[PDB]
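Undergrad: model this:
(chains A, B, C and D)
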Amino acid sequence: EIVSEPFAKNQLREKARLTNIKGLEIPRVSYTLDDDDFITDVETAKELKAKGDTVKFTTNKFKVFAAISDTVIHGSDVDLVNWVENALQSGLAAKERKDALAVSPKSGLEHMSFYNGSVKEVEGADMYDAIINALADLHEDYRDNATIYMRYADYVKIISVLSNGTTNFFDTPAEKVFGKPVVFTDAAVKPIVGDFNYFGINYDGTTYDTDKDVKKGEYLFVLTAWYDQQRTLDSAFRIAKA
Amino acid sequence: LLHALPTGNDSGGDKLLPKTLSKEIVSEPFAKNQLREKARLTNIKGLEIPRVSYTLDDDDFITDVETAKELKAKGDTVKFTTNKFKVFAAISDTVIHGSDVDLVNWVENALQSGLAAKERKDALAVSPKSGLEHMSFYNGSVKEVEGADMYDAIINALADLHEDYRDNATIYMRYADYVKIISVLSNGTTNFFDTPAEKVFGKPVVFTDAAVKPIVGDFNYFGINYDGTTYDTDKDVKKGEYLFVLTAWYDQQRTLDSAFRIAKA
Amino acid sequence: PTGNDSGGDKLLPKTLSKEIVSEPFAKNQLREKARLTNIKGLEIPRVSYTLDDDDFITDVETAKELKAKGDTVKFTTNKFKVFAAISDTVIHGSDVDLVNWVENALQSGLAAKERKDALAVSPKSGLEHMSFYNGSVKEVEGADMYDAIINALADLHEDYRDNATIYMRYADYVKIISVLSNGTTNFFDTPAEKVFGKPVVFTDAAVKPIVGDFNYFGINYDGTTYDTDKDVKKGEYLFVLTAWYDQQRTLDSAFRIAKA
Amino acid sequence: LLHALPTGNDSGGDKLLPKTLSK
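TA: Numbering: from 1, shown residues only, chains lettered A, B, ... in the order given. Next comes the structure:
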């Protein structure tokens, strides 16, 4: 009987939080120390003042589909059970990663993306300089917990300049070059970096349905849900650029 | 093409979602002190540990080291002295009544994280402040050595140290500096990035971003303690905020300052 | 912190519903006087009775319409559809509109369908015979609205007069007062029964005041059917209802118009 | 999107009509 792989996945689910709570509200600033605090970084003064202390997780709709013609049903195969779950679950993942890493987001969902704007682009001479400088920019608390996302091909080019003749960092991991964990993803254009503790997602509710289009002779299996994902603090996550 | 009325609002699609969903907020500590591993911790009140040990009635009145004698002339004992602390949490009003969640970890992760950030900051402070000068390694009490490059410096740092203290020595430095040391050594030879850091210098290493200059020495002498804590809640009515606040008392001092050094180029 | 439980609910008012409710969105004023029926097929005679030999000739009108239409009257089915649409988010936000919001909605749809057709200035084709302004009613002419209504009563037959009723828009009932201002006296406080001498009902659609014996006018609803379905893709439930009715005038000569 | 055959012709919408009907 039939089986297959996850057709698509979201790499960002590794580090980000994931929730199922109906309405969700958290504070942005975890703690403040005693009187002898050097002034909080100019950034956090601005965004905290503008956004407010809390953060709103606000429902947003979409729809996922699935279509099976009638002949396929009546040829002794069982795709009703597994082919759809393999299909719909993947649809949830691609919807996320498309919106977060959108170069030019659709309207009504700008605030989710990391490339919509409102993040500072540092400038390194090459990719190796830009990533290390970007770590040099953000606040140190975020640095200690930071994580990098990038495309694997860019990790090859930094090796060609760190070829150094005899030595070959094709065998080395990527943790030890930059000094922090790395995850590889093809959509991420400009290497982004920050503490992905703060980034978070929430799924509130769903509903599963099925129906037959009698004339055209195709079953349907549809699902819907509402989610949203926001950055607790924009000042954390930063860009690298040549 | 059915006639039923979904009044119940029970959702069948819930199981299709990823099974890693939390239903309760959780996160890791925001900050941590990386000195706690090597150094000594204590809860007792009013601590005093003598500097002296190992007297011989020697006719060869040379002690161990010239630096060791002249700075014991400072004093016989060390006495840790109390210093004040303050920690604030600030969960607001909407979050409490807006929805049913649980924040006890969010508070806990915030408070005892704040302690570690305090004691690391002052102990590694570049420019100390009033009353706090007597714990920072970058205070002028401790020496600088001078290698031509930072590699030979750390060697010349671990070199001019007591035989004993060398044995359980330990190094602190930034990782970014640690890379430049190796990109130059890897020229025309084996790779070192696959190697542990214990071996290029011979002894264990820990990495933190604070140490603008390296440290070397045995941190069994560096010591910390906490006298006792105070915890109480509070509500500001006019604004709506709930306040969770902590205060305790502490000090940290090094037993002997000759056991530690600074490398520099 | 235990939760958002508090004692403010006592301070909160007592008029709070805890679930949704609303008014009839629209109504048909004509249902007060007209007959209303549920019979499958309905047939009645037009002329109630005739007296003995000494009957002055029946009014020229009734001779004509009775001769043309015939003795009986046919109630003939005519279709329409009423709709209702609820998006999916509205369902899944803990509210109960399934039970009351629809009945409040559909029942109103029946009423507006009636009054639209009866008082239609220019009816849709296939349903001309229902309206009162399609034609076939005589328009008397008064110098003002007060003269036109009273003259219109002077026109129709007296049996219908004794049982007659007037429908009009309230604003026209104000203008007749301004001419009957008479200085000191003010008929804003008076009812309208006593000015014209017969009952009155107020309605905004009725343009030219109509008048006659609304015993004769009648309505019938034969059958219905209630259905529901989901448009899966667009994610909206539906609640639809249908029925067949018709309403006719037993005798056209009764109901008359007033005009300036 | 149901499979049933309404043979009975019993009408559920009857009660929605006004309750002042005469018969």
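Undergrad: thought residue A:9 was touching residue A:93?
TA: Yes. Counting by C-beta atoms under 8 Å, residue A:9 touches residue A:93, with 5.3 Å between them. The way it works is simple: take the backbone N, C-alpha and C, and place the C-beta from them, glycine included.
Undergrad: can you give me the helices for chain A?
TA: A:42-51, A:70-73, A:83-100, A:127-137, A:140-144, A:152-161, A:175-178 (DSSP state H).
Undergrad: Could you list the residues in contact with the first one?
TA: It stands for helix A:42-51. By C-beta atoms under 8 Å, 6 or more residues apart in numbering or on different chains, the surrounding residues in contact with helix A:42-51 are A:28, A:29, A:39, A:233, A:234, A:235.
Undergrad: what comes up buried for that helix?
TA: Buried residues in helix A:42-51, counted by 16 or more other C-beta atoms under 10 Å in any protein chain shown: residue A:44.
Undergrad: Could you identify the most distant pair in the contacts of helix A:42-51?
TA: Longest distance between any two of the contacts of helix A:42-51 is 18.7 Å, between A:39 and A:234; criterion C-beta to C-beta.
Undergrad: more crowded one of the two?
TA: Ranked by neighbour count (other C-beta atoms under 10 Å in any protein chain shown), residue A:39 and residue A:234 place residue A:234 first, with 22 against 7.
Undergrad: what about stretch A:155-175, distance to the chain center?
TA: Computed by C-alpha atoms, centre = their mean, to the nearest Å, the separation of stretch A:155-175 from the middle of its chain amounts to 27 Å.
Undergrad: which other residues reach it?
TA: Counting by C-beta under 8 Å, 6+ apart, A:126-128, A:177, A:181-182, A:184, B:183, B:186-191, B:193-194 sit against stretch A:155-175.
Undergrad: what's the closest non-adjacent residue to whatever residue of chain A ends up closest to chain C?
TA: Here the residue of chain A nearest chain C is residue A:211; by C-beta to the nearest C-beta that distance is 4.5 Å. Leaving out its chain neighbours, the residue that sits closest to residue A:211 by C-beta to C-beta, 6 or more residues apart in numbering or on different chains is residue C:232, at 4.5 Å.
Undergrad: need the contact list for residue A:190.
TA: A:115, A:121, A:239, A:240, A:241.
Undergrad: Ok, residue A:183 next?
TA: Counting by C-beta under 8 Å, 6+ apart, residue A:183 has contacts A:11, A:14, A:15, A:147, A:148, A:149.
Undergrad: quick revisit: which one's more surrounded, residue A:9 and residue A:93?
TA: A direct count of neighbours by other C-beta under 10 Å for residue A:9 and residue A:93 places residue A:93 higher, at 18 against 15.
Undergrad: what sits against that one?
TA: Neighbours of residue A:93 in contact, by C-beta under 8 Å, 6+ apart: A:6, A:8, A:9, A:10, A:13.
Undergrad: Which of these are buried? Put it as a ChimeraX command.
TA: Those of the contacts of residue A:93 that count as buried under 16+ other C-beta under 10 Å are selected in ChimeraX with:
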select /A:10
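Undergrad: Nearest to chain D within chain A, name that residue for me.
TA: Taking C-beta to the nearest C-beta, chain D has its nearest neighbour within chain A at residue A:211, 5.1 Å off.
Undergrad: I'd say that residue and residue A:67 touch.
TA: No. Using C-beta under 8 Å, residue A:211 makes no contact with residue A:67, being 11.2 Å away.
Undergrad: Name the residues contacting each of the two.
TA: Joint contacts of residue A:211 and residue A:67 (C-beta under 8 Å, 6+ apart) are A:219, A:220.
Undergrad: Those two: which is more packed in?
TA: The residue with more neighbours, out of residue A:211 and residue A:67, is residue A:211; 18 against 13, by other C-beta under 10 Å.
Undergrad: can you name the two of the contacts of residue A:190 that are farthest apart?
TA: Within the contacts of residue A:190, A:115 and A:240 form the most distant pair, 12.2 Å apart (C-beta to C-beta).
Undergrad: Of these two, give the one with the bigger neighbour count.
TA: Remark: of residue A:115 and residue A:240, residue A:240 carries more neighbours, 25 against 18, as counted by other C-beta under 10 Å.
Undergrad: I'd guessed the more buried one sits against residue A:191; true?
TA: Yes. In this structure residue A:240 lies within contact range of residue A:191 using C-beta under 8 Å: 4.3 Å.
Undergrad: who touches both of those two?
TA: When contacts are counted by C-beta under 8 Å, 6+ apart, residue A:240 and residue A:191 have A:127, A:130, A:131, A:134 as shared neighbours.
Undergrad: right, and the last one touches residue A:236 too?
TA: No. Distance between residue A:134 and residue A:236: 11.6 Å, which falls outside the contact criterion (C-beta under 8 Å).
Undergrad: I'd say residue A:21 and residue A:202 touch.
TA: Yes. Counting by C-beta under 8 Å, residue A:202 is a contact partner of residue A:21 at 6.2 Å.
Undergrad: Who has more neighbours out of the two?
TA: Using other C-beta under 10 Å as the criterion, residue A:21 and residue A:202 rank with residue A:202 on top: 22 against 18.
Undergrad: Who does that one form a beta bridge with?
TA: residue A:19, residue A:228 (DSSP bridges).
Undergrad: For it, which residues are in contact?
TA: Contact criterion C-beta under 8 Å, 6+ apart gives A:18, A:19, A:20, A:21, A:24, A:57, A:227, A:228, A:229 as the residues in contact with residue A:202.
Undergrad: wait, isn't residue A:66 in contact with residue A:80?
TA: No. Judged on C-beta under 8 Å, residue A:66 makes no contact with residue A:80 at a distance of 10.7 Å.
Undergrad: Which residue of the two possesses the greater neighbour count?
TA: residue A:66 (16 against 13).
Undergrad: how much space between the more buried one and chain B?
TA: Taking C-beta to the nearest C-beta, to the nearest Å as the measure, residue A:66 and chain B are separated by 12 Å.
Undergrad: Could I get the contacting residues of that residue?
TA: A:84, A:87, A:88, A:220, A:221, A:222.
Undergrad: Count the residues that sit near residue A:57.
TA: 21.
Undergrad: same check, this time on residue A:108
TA: 8.
Undergrad: Also residue A:154?
TA: Residue A:154: 18 neighbours (other C-beta under 10 Å).
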